[PDB]
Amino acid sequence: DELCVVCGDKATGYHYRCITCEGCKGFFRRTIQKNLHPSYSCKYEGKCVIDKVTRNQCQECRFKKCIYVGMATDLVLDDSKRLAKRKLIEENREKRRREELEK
């Protein structure tokens, strides 16, 4: 763990099974969550360079690179699992009623 396997920037640990930076992590998550890939279209031949500086220049090449290295699209929670998580966190915040139950 140290450098992002997709663009070479500093990484923040494992994300979707790969050592990546917050940049590639966020991009991947949002592409899967909103199914944005189909609209991604390289404007040349899919050979664009993806490095810590050029990563935002071609969305399709950046996503095809995330797939190639092995980022797990299945670790991006579907709507039922995402909503269940928010539900859990919100209702857990019921520590409030207990705080006031102490005294």
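We number the residues from 1 along the sequence you see.
Higher mean CA temperature factor, per the PDB entry, when comparing 70-78 with 37-45: 37-45.
As the entry records it, the average C-alpha temperature factor is higher for 27-35, out of 59-67 and 27-35. Among all modelled residues in this chain, the alpha-carbon of residue 4 has a temperature factor (C-alpha) in the middle third. When the CA B factors of the chain's modelled residues are split into thirds, the value for residue 86 lands in the middle one. Ranked within its chain, residue 92 lands in the middle third, by CA B factor from the PDB record.
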